[PDB]
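Below, each chain spelled out in residue letters.
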Amino acid sequence: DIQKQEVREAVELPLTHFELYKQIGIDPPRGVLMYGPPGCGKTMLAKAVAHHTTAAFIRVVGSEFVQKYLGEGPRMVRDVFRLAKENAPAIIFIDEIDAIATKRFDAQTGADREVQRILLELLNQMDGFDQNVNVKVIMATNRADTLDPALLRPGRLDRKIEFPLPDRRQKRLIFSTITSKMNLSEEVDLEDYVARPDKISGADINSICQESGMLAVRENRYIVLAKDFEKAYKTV
Amino acid sequence: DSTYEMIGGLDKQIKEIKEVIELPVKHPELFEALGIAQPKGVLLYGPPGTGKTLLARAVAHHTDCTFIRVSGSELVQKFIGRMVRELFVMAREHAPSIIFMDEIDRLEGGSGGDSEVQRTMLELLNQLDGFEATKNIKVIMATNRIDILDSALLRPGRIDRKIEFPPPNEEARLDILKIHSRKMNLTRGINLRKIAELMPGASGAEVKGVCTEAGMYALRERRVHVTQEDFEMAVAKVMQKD
Amino acid sequence: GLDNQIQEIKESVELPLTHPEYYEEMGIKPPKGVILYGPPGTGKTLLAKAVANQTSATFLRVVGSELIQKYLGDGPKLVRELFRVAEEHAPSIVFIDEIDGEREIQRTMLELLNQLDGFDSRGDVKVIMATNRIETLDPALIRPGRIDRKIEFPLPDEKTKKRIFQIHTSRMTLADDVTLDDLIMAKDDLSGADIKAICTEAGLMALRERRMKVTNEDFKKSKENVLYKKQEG
């Protein structure tokens, strides 16, 4: 009863109470970091938080600004940030940061140092805009060792929701929010069907469930059952 | 800016460092009667003193010189720049300057690029050790974190300066905490003396830990003014991680 | 206390390219150079001995041999570049300081041994070797480099440190109680940067009270920091 309260008061309360932080003078932290090479994720929590509120959202592919341009970067991130702080409150999900957070000694590859200057440039602009900015910026990664110490430095990412061993309550939550849109029954149970993908580490479990929906969409069986779950697990 | 009104508690160490840094500033005539040269620099090893950079930016702010770091933590990494000669050209044009690395304070790739930066500053110390373009070019190391082993190992105190800095003055715990309380909205019925003196043993980062970890309870209760009970809870909130 | 030594080795190193009537007509031709070493090392003692040649000449300074272990075993190619640039820059003086798998180190050490001797090169430039201790290096490097004469660093003969102290204190202000015999006699195996360091910190410590004159009690009081620092580790 503390994770949903901390994340709740750390997501929905700062979203519409900026003037109160202007009064008390404390910047609300918004950076939520996800990690863990076994569990890919980036879909259950990204689409869960991205779908708990019926508003606008602007997602970006990990290579949305890599166009070897030096002057187009700040214009792109400045335009996205200004339409995100001016158009509507959106939760930007930045993915694949390990490819844009790598340093290089040789100056001949100015595109890598340029895109890390873009990532560090928005990392500095979010620091200068800590005084109640009208945008939420969540971030996810899988290889934090290659990342720079500026990303994991405090003041930027104050929340680190890991996935080492989720209890049964988190299974009822993250699996209820995904079974509420699918055809459930009395036999549908994904507790062992999520314990086994923890023994044999498999990525994008939610995408594998979507593949199970692609095998159950053949109009041969209305309610998805264990045959498509275990079949979708042994095949893909 | 971070002038003397935003840093305090090292009166003896600034009284001792004015002859290392402030000597070529206002009294360079002692070169004949004394015979001094340009040393490598100075460093402060130990726990983070909550202002390890405010002192370099303070002496640099009073020297009226520029602050150009190497790692480029805040949009100053590619603005100047083999990316090794442009720093020496800007150091030649801007003779008064203070260098202090802040971002550096996997073991396969991180020590690869970080080893390229270490080789960069090593060959820069070879160029500055061999020849010299202009004066007032000094580098300052930062040993406050755990992953700092190259600067503490390569600088034992044989041809460089060393300062024992576990117990700076107890003002790194008290009066710079008062300074960090001056910036934020502070009430008038607070007593930072007892709550600042009753945090021994753990580390020297009690200032930033109690402020930043207290902002979560000042953010929870949404109090317009920070009370002493918030810092009292922050003491436990930072001692739980010990 | 080394004026006759510095003029003996000075004549031993200045005979090439200067005073040619007693260099090539009589047939001296020592086309190998000398090898030096200092027990305190630090490069300032040997730099203060070889600095007499840096007055009116061209000098080259290569300190340390770390450029071989810090990278892949490229070999003696850099020594060959220094050899061709020394041939293109014959009016110069070659000086190497801080000379400090295994099958490659031995073959590049024998290749450097034959290269340093110069089997296919006559007298074109002088090469001077320097290191911390001559006992650590292999004695095979003696015949190519040192074929004329070698010299060791003398003892505190109370005249070398007295002359250096006079040069450093030619314009300084010292009190009458500041004696010299206890200083030049108490010190043992200290370079010029040590006496210059204790004089520098002595004047800087005497500056704390706006005193333009340094007393002997403040000089020894400043010396307590160096004597205590060298014995701490």
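Method-wise, the PDB entry is recorded as coming from cryo-EM, at a reported resolution of 7.7 Å.

A. Molecular detail of the interface of chain A and chain B. Contact residues are listed per partner, giving 29 residues for chain A and 25 residues for chain B. Three residues, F105(A), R113(A) and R117(A), lead the burial of chain A against chain B; their summed loss comes to 29% of the area buried on that side. For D145(A), the salt bridge goes to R106(B), with nearest N and O atoms at 2.7 Å. Counting the contacts that link chain A with chain B gives 5 residue pairs in polar contact. Listing elements by their share of the side of chain A that touches chain B, those giving two or more residues are helix 2 (18-24) and helix 5 (110-128) of chain A. In terms of residue count, the dominant contributor to the side of chain A that touches chain B is helix 5 of chain A (7 residues). Within the side of chain A that touches chain B, the residues separate by chemical class into 12 nonpolar, 6 polar and 11 charged.

B. Structural view of the arrangement of the chains. Between all 2 pairs of chains that are in contact, chains A and B come out with the most contacts. One finds no contact between chain A and chain C; the C-alpha atoms of the two approach each other to within 16 Å at their closest.

C. Region of interest: the nonpolar core. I92(A), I94(A), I97(A), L119(A), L122(A), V135(A) and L151(A) are the most contacted members of the largest nonpolar core, which totals 24 residues. Mapped by element, the contributors of at least two residues to this core are helix 4 (72-86), strand 2 (91-94), helix 5 and strand 3 (136-140) of chain A. Broken down by element, the residue count for this core peaks at 5 residues, all from helix 5 of chain A. What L119(A) contacts, discounting residues up to four positions off in sequence, is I97(A), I100(A), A101(A) and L151(A). Formed by 20 residues, the second largest nonpolar core is a distinct cluster that contains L177(B), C211(B), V226(B) and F231(B).

D. Quick look at the UniProt feature "binding site: ATP" in chain B. Residue and element names in this part refer to chain B. Residues annotated in UniProt with the feature "binding site: ATP" correspond here to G46, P47, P48, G49, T50, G51, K52 and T53. By the element assignment, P47 lies in the loop between strand 2 (44-45) and helix 3 (54-62). Looking at where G49 falls in the secondary structure, it is placed in the loop between strand 2 and helix 3. Contacts of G49, omitting those with residues within four sequence positions, involve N144, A172 and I176.

E. The interface of chain B and chain C, seen in detail. Every contact between the two is made by 12 residues of chain B and, on the other side, 13 residues of chain C. For the pair chain B and chain C, the summed buried area comes to about 1100 Å², and 54% of that belongs to carbon and sulfur atoms. Considering only the side of chain B, the residues that lose the most area to chain C are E32(B), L34(B) and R119(B), jointly responsible for 38% of the buried surface there. For the interface between chain B and chain C, the tally reads 0 salt bridges. If you look at where chain B meets chain C, you find 3 residue pairs in polar contact. Counted by class, the side of chain B that touches chain C contains 5 nonpolar, 3 polar and 4 charged residues.

F. Main features of the UniProt feature "binding site: ATP" in chain C. Residues and elements named next belong to chain C. UniProt records the feature "binding site: ATP" for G38, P39, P40, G41, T42, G43, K44 and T45 in the present numbering. Its place among the elements puts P39 in the loop between strand 1 (34-35) and helix 2 (44-50). By secondary structure assignment, the location of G41 is in the loop between strand 1 and helix 2. Relative accessible area serves as the criterion here: at 6%, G41 is assigned to the buried category.

G. Layout of the side chain of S151(B). Take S151(B): it is sitting in helix 6 (residues 150-154). Since its relative accessible area comes to 16%, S151(B) is described here as buried.

H. The pattern of salt bridges, seen in detail. The full count for this structure, using the stated rule, is 23 salt bridges over all chains. One salt bridge in this structure joins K40(B) and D129(B), with 2.9 Å as the shortest N-O distance. Taking the relative accessible area as the measure of exposure, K40(B) reaches 21% and is therefore partly exposed. With its nearest N and O atoms 3.2 Å apart, the salt bridge here joins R173(B) to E170(B). Beyond isolated ion pairs, a larger network of salt bridges with shared partners links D145(A), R106(B) and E108(B).

I. Geometry of helix 9 (residues 206-220) of chain B. Between the first and last C-alpha of helix 9 of chain B there are 21 Å, a value that for 15 residues agrees with the 21 Å anticipated at 1.5 Å per step. Turning to helix 9 of chain B, its buried residues are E206(B), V207(B), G209(B), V210(B), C211(B), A214(B), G215(B), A218(B) and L219(B). The secondary structure elements touched by the buried residues of helix 9 of chain B are helix 2 of chain A together with helix 7 (175-183) and helix 10 (228-239) of chain B. Downstream of helix 9 of chain B by one or two residues, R222(B) has phi in the positive range, about 60°.

J. Geometry of helix 7 (residues 192-199) of chain A. Taken as a whole, helix 7 of chain A has its buried residues at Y193(A), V194(A) and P197(A). Projected down its long axis, helix 7 of chain A carries its buried residues within an arc of 100°, all on one side.

K. Inspection of the state of the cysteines at higher detail. Residues and elements named next belong to chain A. If you walk through the whole model with that rule in mind, you get 0 disulfides over all chains. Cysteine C40 is unpaired, with the sulfur of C209 as its nearest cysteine sulfur at 13 Å. In this structure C40 comes out as partly exposed when scored by relative accessible area, which is 35%.

The rules we used
Residues numbered from 1 in each chain as written, not as in the entry; some residues may be left out. Chains lettered and ligands numbered in written order. Part of a larger assembly, values for the part shown. Heavy atoms only, no water. Contact = heavy atoms within 4.5 Å. Buried area = accessible area lost by both parts, 1.4 Å probe. Salt bridge = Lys/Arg side-chain N within 4 Å of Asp/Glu carboxyl O. Polar contact = N/O pair within 3.5 Å; in protein donor to acceptor, adjacent residues only side chain to side chain. Helix = DSSP H or I, 4+ residues; strand = E, 2+ residues; numbered from the N terminus. Nonpolar A, V, L, I, M, F, W, Y, C, P; charged D, E, K, R; others polar. Core = buried A, V, L, I, M, F, W, Y, C linked by side-chain atoms within 4.5 Å. Buried < 20%, exposed > 50% of the residue type's maximum accessible area, 1.4 Å probe, protein only. UniProt positions renumbered as here; feature names shortened; annotations may be inferred. Expected span 1.5 Å × (residues − 1). Arc of directions from axis to C-beta. Disulfide = S-S within 2.5 Å.

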